[PDB]
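Chains, contacts and geometry: an overview
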Amino acid sequence: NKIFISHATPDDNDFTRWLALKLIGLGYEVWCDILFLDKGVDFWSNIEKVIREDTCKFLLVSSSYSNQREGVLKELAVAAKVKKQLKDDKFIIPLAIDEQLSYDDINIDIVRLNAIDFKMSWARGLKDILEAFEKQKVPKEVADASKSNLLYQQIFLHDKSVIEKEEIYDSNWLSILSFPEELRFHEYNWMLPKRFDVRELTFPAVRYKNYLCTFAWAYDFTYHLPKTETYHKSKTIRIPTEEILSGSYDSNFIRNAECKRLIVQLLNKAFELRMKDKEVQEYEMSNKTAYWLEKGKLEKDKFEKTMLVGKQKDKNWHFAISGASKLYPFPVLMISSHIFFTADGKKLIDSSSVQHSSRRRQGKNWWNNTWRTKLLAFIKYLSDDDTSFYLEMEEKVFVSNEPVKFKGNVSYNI
Amino acid sequence: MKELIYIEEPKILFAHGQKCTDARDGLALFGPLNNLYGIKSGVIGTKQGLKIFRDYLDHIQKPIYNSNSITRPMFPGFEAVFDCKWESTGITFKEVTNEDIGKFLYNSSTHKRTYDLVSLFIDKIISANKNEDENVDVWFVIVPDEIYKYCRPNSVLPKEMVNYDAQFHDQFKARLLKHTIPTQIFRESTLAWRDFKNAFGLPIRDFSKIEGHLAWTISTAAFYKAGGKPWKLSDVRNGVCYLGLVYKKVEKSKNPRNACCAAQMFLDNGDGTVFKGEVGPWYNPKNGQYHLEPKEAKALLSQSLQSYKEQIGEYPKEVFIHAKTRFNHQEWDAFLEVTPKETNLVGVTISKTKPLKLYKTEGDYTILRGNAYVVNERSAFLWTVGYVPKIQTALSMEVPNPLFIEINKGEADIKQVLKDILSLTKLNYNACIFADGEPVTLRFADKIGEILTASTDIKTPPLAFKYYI
DNA sequence: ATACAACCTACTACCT
RNA sequence: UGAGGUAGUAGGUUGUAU
Ligand SMILES: [Mg+2]
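Residues numbered from 1 in each chain as written, not as in the entry; some residues may be left out. Chains lettered and ligands numbered in written order. Part of a larger assembly, values for the part shown. Heavy atoms only, no water. Residues with missing side-chain atoms left out of burial classes, pairs and counts.

Method-wise, the PDB entry is recorded as coming from cryo-EM, at a reported resolution of 3.1 Å.

See below:
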């Protein structure tokens, strides 16, 4: 009571899978060589046994690939012998699915047979198949799409699922491992307009009501503020940073959120000054600043054999990273990758549109491994010792050069 | 040294009550939930546009293949999928002459030219709707590429050939709302991408390897607009209503205002899905402020609860609000003054502005989709975009960005919130793809808001989505 | 009206 | 505007406290 479908194995797979699953969902027993994920030792002998003893119809997928295929022709001959044995005229029902194969180029075996046309429409062909099966009293069961869904899950999806396996991912977050012992509010009063530039000082300082929120010493500002030479350490509000990071400060003097924001501002300013001190080029974006390198500054632009500068078509592309600092959820430095383009080795392009177009063109063929390796190479380049890198804050802030690793319990099989 | 939890991919339901993970595979296997008899299409455009549409409609009946049938499933033809006839014999043409387009297109003012072209198309559409006997399910507007190029808000017309929003699509869909006409806008370079080539002798847009994907998306959109149900959610709870809140700046108004628009998602008593926009964009007059006033918030929640009660008959057990912003104290206080004590209010903020990129160290592929990094009991990251084992490829292009999901207000299990968001990423009827990144509530509320803020004013707008998407 | 951080939208351009 | 994704460019708001 089976239904045998003969086809070219790797070429007519889409239509064969579609038709086999549709027929299975309609209550028919379908025998197709793609409906068996694991193949036994006896294939051809079992195929001949199936044709001779089991099938009641023989659907042939007549296409250009299946016109002169040895296996298809052998099955056709065996099916013709079986049709002669059972005295059934309509045992073999070819299905014309290929428009490249003319109706006059079909082989001898099915040149005399009434075919079913699938060229113009697959739905019309399926309706014709069902009508012919109903008219010829082909045995069938009750319709049940659950069988088709189960077969589709078992055979066509078993190697495309999620496997349970440990996986390790590298992020773009550099955890801040060490913090200064405490924060200092320096009540310098006037201090000659309190260094009106503020942002131009050697050490990171911000202007509070009448104080100066710094992490370094008061005399460090004597270079830019001579008056601060006579400034006294008695006008210093000590505040414990480790207690601030736990949200312990209260009262109306200053809020915990304000302290965290001020710390973030100090960290970002200090990072900017350190990057300026590292002799790297700066690019101004719409809302941030990125740091990039030049053509020949590395020998030979292969830091750790990862490449940082390259040649796209006619312009030199340079990798870059842009940074920030956040306390949410825990103190981290957060960096993002960028690609910049220069006409020459040491130059720049003022046209933003061409930069955007070139960046989009280059992003198409980089992928996760190159992205991660270039990010890690840049971070290691910025490093200052074995497993960290420091930034001026006497006092200083150390940020790890190894991004925090995440661990997952699921993965795939490439 | 942190642990990522995995959220199983949600399953969507198709005809015969069969669950599947892929919309395309389920449609090609079982079929849609609805039973459309056929789609009668009206076509507006030039004779060349009508020929292009007829050729594409005849092409879409035959099976269409992609470059790879595992990464991208192939289209087996419209009637072989949706079980309904969408042929070129049911086409009701309405010709727009090229001189008509030439008269209005070439103008110094972009606003005037956009208004004139939109009026030229919509007047013919409306007259055919009212003064004809033929029944049209979807009106297909085949816009020439020059109109699309020169009708954008920032488009500038070169001097060689020289209220409402200066955008063809938004103005076209907003000025057609009073008549409730589901329409689909095509560009001539989309349906006939072969013929529109650049100076290099090659097509500007290459659909050679994604022809089946284009057919899938077009067929799904046309089937949904005609009144069909392609699929629905299968593993969602009962008695829970999902909302969405998107703010859009209104520029036609003399005073800049922020209009808040909503989309509402829940289930009815017949196990079906009810997914429609909550509209009447509530206006905040203060520029730069994206928070509703207490009376507007009360009206919004009252309307949502009234719609839920009129649909089901009982007040929802839970109400989830998804937004890209953060609710303040006044908004939530107004919200609680209307909702009953038996209803739990949860306000979730969904954002994509936190740059946490995870790189896999053992290949060229990206992190699996569905992995979540729970920061704490009120904050987590979700990877809605990433590598999908079924399609053997990632939904991103270089490295996906995470969705930062934080329960801003109320009490809820963050795992359940992540499950809900991942499930909602499977309800995009505008396209036939795998799951997308944004939740469908936020995306469709944004889609509604883009249209409701492209006109001076409008009466009570329709809730159905076929008039917007 | 300056500086800062922390959240927000509108508008393009490119790849598949 | 078949649809998503990734980027870039402008603008504005908010407790501050000059
Ligand atoms: Mg659409």
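In terms of regular secondary structure, chain B is built from 13 helices and 19 strands. Computed over C-alpha atoms, the radius of gyration of chain B comes to 23 Å, within 12% of the 23 Å expected from 2.2 N^0.38 for 469 residues, which places it in the range of a compact globule. Here the C-alpha coordinates of chain B stretch approximately 60 × 55 × 45 Å along the principal axes. (Helix = DSSP H or I, 4+ residues; strand = E, 2+ residues; numbered from the N terminus. Rg over C-alpha atoms; globule rule 2.2 N^0.38 Å.)

The next thing to look at is the overall build of chain A. A count of helical and extended segments in chain A gives 10 helices and 19 strands. Whereas a compact globule of 414 residues would reach a radius of gyration of roughly 22 Å, chain A reaches 37 Å, over 25% beyond that. Its C-alpha atoms give chain A principal-axis dimensions of about 120 × 50 × 40 Å.

Residues and elements named next belong to chain A. In the numbering used here, UniProt assigns the "binding site: NAD(+) 1" (unreviewed entry) feature to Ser6, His7, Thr9, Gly71, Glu75, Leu113, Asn114 and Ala115. Taking the farthest pair of C-alpha atoms as the criterion, the annotated set spanning 110 residues is dispersed, since that pair is 23.6 Å apart. Here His7 is to be found in the loop between β1 (2–6) and α1 (13–25). With near-sequence residues (within four places) excluded, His7 lies in contact with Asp12, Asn13, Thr16, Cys32, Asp33, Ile34, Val61 and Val72. Assignment of secondary structure puts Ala115 in the loop between β4 (92–96) and β5 (116–117). Excluding residues within four positions of it along the chain, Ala115 makes contact with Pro94 and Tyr103. (UniProt positions renumbered as here; feature names shortened; annotations may be inferred. Contact = heavy atoms within 4.5 Å.)

Turning our eyes to something else, we now look at the UniProt feature "binding site: Mg(2+) 2" (unreviewed entry) in chain B. All names here are of chain B. Under the UniProt annotation, "binding site: Mg(2+) 2" (unreviewed entry) lies at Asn430 and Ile469. In terms of the greatest pairwise C-alpha distance, the residues named above, spread along 40 residues, form a tight cluster of at most 6.6 Å across. Of note, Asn430 is situated in the loop between α12 (414–424) and α13 (440–452). Not counting residues within four places of it along the chain, the set of residues in contact with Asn430 comprises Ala221, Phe444, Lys447 and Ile469. In this structure, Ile469 sits in the segment after α13. Those residues in contact with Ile469 that sit more than four places away from it in its chain are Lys173, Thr183, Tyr224, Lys225, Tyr429, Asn430, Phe444 and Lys447.

This paragraph deals with the protein's contact with RNA strand D. In the region of RNA strand D, 47 residues are neighbours, and A:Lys209, A:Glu258, A:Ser286, A:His338 and B:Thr190 sit closest. Restricting the count to atoms of RNA strand D within 4 Å of the protein gives a sugar and phosphate share of 76%. In this structure, a base nitrogen belonging to RNA strand D sits 3.1 Å away from a side-chain N or O atom of B:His213. Taken together, the residues of the surface near RNA strand D sort by class into 14 nonpolar, 17 polar and 16 charged. (Near = heavy atom within 4 Å. Polar contact = N/O pair within 3.5 Å; in protein donor to acceptor, adjacent residues only side chain to side chain. Nonpolar A, V, L, I, M, F, W, Y, C, P; charged D, E, K, R; others polar.)

This next bit is on the sheet that holds strand β7 (residues 183–187) of chain B. Residue and element names in this part refer to chain B. Spatially, four strands are ordered β5-β4-β6-β7 in an open sheet, and the strand pairing comes out parallel. Two strands lie at the open edges of the sheet, namely β5 (92–95) and β7, each paired on one side alone. Taken pair by pair, the neighbouring strands of this sheet meet at an average axis angle of 20°, ignoring direction. Relative to β7, strand β6 (residues 138–143) runs parallel, the two sharing five bridges. (Pairing = 2+ DSSP bridges. Axes fitted to C-alpha atoms, helices over the stretch in contact; angles between N-to-C directions.)

This part is about the protein's contact with DNA strand C. The full set close to DNA strand C counts 23 residues, and A:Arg261, A:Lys326, A:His356, B:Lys249 and B:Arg326 are the nearest of them. In the interface set of DNA strand C, defined as its atoms within 4 Å of the protein, sugar plus phosphate atoms amount to 85%. Within the side chain of A:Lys326, one N or O atom sits 2.6 Å away from a phosphate oxygen of DNA strand C. Taking A:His356, its side chain carries an N or O atom lying 2.9 Å from a base nitrogen of DNA strand C. Where the surface near DNA strand C is concerned, the elements lending two or more residues are α8 (256–277) and α9 (352–362) of chain A together with β9 (240–250) of chain B.

Accessible area lost upon the coming together of the parts is a frequently used measure of interface size. Facing the 53 residues of chain A at the interface are 49 residues of chain B. Interface area for chain A against chain B, summed over the two sides, is near 4,800 Å², with a carbon-plus-sulfur share of 57%. Per-residue buried area on chain A facing chain B is highest for A:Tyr169, A:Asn368 and A:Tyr412; these three make up 15% of the total on that side. Taken together, the connections running from chain A to chain B amount to 22 residue pairs in polar contact. (Buried area = accessible area lost by both parts, 1.4 Å probe.)

Moving on: α12(B). Within α12(B), eight of the 11 residues are buried, which leaves it mostly tucked inside the rest of the structure. For α12(B), every residue scored as buried is listed here: B:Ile414, B:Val417, B:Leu418, B:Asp420, B:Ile421, B:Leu422, B:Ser423 and B:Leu424. (Buried < 20%, exposed > 50% of the residue type's maximum accessible area, 1.4 Å probe, protein only.)

The subject of this paragraph is the packing of aromatic side chains. Applying the stated criterion to the full structure yields 59 aromatic pairs over all chains. Judged by centre distance (4.8 Å) and plane angle (35°), the ring pair of B:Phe78 and B:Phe82 falls under tilted. Taken together, the residues B:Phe78 and B:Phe82, both in helix α3 (residues 78–82) and four residues apart, mark about one turn of the helix. The exposure class of B:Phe78 is buried, given its relative accessible area of 0%. An aromatic cluster is defined as three or more aromatic residues linked by ring pairs; in this entry it consists of B:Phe53, B:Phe75, B:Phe78, B:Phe82, B:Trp86, B:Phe140, B:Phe186, B:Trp216 and B:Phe223. The ring of A:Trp44 carries A:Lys74 above its face, with NZ or CZ at 4.8 Å from the centroid. Lying over the aromatic face of B:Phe434, B:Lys426 brings its terminal NZ or CZ to 4.6 Å of the ring centre. (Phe/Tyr/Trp six-rings, centres within 6.5 Å; stacked < 30°, edge-to-face > 60°. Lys NZ or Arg CZ within 6 Å of the ring centre and 35° of its normal.)

A word on the packing of helix α2 (residues 44–53) of chain A against helix α3 (residues 70–86) of chain A. Residue and element names in this part refer to chain A. Running from N to C, α2 and α3 cross one another at 30°; their axes reach a closest spacing of 9 Å. The pairing of α2 with α3 is recorded here as roughly parallel in orientation. Crossing of α2 against α3: the hand is right-handed. Mapping the contact onto sequence places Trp44, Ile47, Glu48, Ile51 and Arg52 in α2 and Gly71, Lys74, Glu75, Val78, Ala79, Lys81, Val82 and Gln85 in α3. (Parallel < 35°, antiparallel > 145°, perpendicular 65-115°, else oblique. Left-handed = near helix turned anticlockwise from the far one by under 90°.)

This part is about a positive patch on the surface. Among the surface-exposed residues, A:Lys295, A:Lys300, A:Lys302 and A:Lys311 lie close enough to one another that they form a single positively charged patch. Judged by relative accessible area, which is 32%, A:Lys295 ranks as partly exposed. (Patch = residues over 30% accessible without salt bridge, like charges linked within 9 Å, V, L, I, M, F, W, Y side chains within 5 Å. Areas by Shrake-Rupley, 256 points an atom, 1.4 Å probe, with all protein chains shown as cover. Salt bridge = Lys/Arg side-chain N within 4 Å of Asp/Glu carboxyl O. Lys, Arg positive; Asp, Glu negative; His and termini not counted. Charge placed at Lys NZ, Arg CZ, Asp CG, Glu CD.)

To continue, consider unusual backbone geometry. Residue and element names in this part refer to chain A. Here the bond from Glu299 into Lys300 is cis, since omega is -5°, no more than 30 degrees from zero. Secondary-structure assignment places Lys300 in the loop between β13 (289–292) and β14 (309–311). One non-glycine residue, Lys87, adopts positive backbone phi at about 55°. A positive phi angle is found at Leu192, which is not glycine, with a value near 55°. Along the chain, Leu192 turns up in helix α6 (residues 191–194).

Moving on, we come to the UniProt feature "binding site: Mg(2+) 1" (unreviewed entry) in chain B. As recorded in UniProt, the feature "binding site: Mg(2+) 1" (unreviewed entry) lies at B:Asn430. For B:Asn430, a relative accessible area of 31% puts it in the partly exposed group.

Another aspect to go through is α2(A). All names here are of chain A. Within α2 the residues assigned to the buried category are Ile47, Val50 and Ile51. Angularly, the buried residues of α2 cover 95° about the axis, an arc narrow enough to put them on a single face. As for α2, its buried residues are in contact with β1, β2 (29–31), β3 (55–62) and α3. (Arc of directions from axis to C-beta.)

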